[PDB]
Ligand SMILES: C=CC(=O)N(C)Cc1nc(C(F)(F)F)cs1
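Form solved without this ligand, single chain, as structure tokens, below.
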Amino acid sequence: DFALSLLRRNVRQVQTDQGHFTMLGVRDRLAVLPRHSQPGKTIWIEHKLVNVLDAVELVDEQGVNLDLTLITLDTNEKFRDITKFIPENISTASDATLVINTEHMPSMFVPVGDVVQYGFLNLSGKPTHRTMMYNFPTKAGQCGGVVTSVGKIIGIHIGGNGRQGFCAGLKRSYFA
């Protein structure tokens, strides 16, 4: 129920020069993407070209790569504010669902099971922190996917090795 309404109201198909991604709209004109999507000044959102007002790579007190980029979109439409569904602290989970929505992989829900603390992750040679892991064969095209569990939004899909998948953890304070 919660995953379905999240998909409808907040999860959008996008394309950058790096390919297809799922984008989570967070509130108003603010949305989050995996860093490796490398959004430019213009982004493709559901068959429309959209101006990107600002893009900031997510940094926390530690000053390390979290593999997320916050963008502000030049749009009329305002995302439903879902920050209250993002935990105040990075949260592991059981019975999690990955919500993917791109032009090539539209509106798909994947039960990934337990989402456990993982932390540091070397993603194709690039150091990444505060990740969590699920034992599910995620694949190319699923980055940006939104990890959800029991009414909470807990991560964004960023990588996998064919047998396991990994997400960047989400905390409410990222979007304050």
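A residue's number is simply how far along the shown sequence it sits, counting from 1.
There is also a form solved in complex with this ligand; it is not shown, and the following applies to it.
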property	result
Placed ligand check: this ligand in the deposited complex, overlay by site C-alphas, backbone/C-beta within 2.4 Å	blocked
Contact flag, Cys143 vs this ligand in the deposited complex, heavy atom cut 4.5 Å	yes
Contact test in the deposited complex: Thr138 vs this ligand, heavy atoms, 4.5 Å	yes
is_contact(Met105, this ligand) in the deposited complex, heavy atom dist at most 4.5 Å	yes
This ligand contact in the deposited complex: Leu70, any heavy atom under 4.5 Å	no
Option touching this ligand, based on a heavy atom within 4.5 Å in the deposited complex, out of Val110, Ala55, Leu58, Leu30	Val110
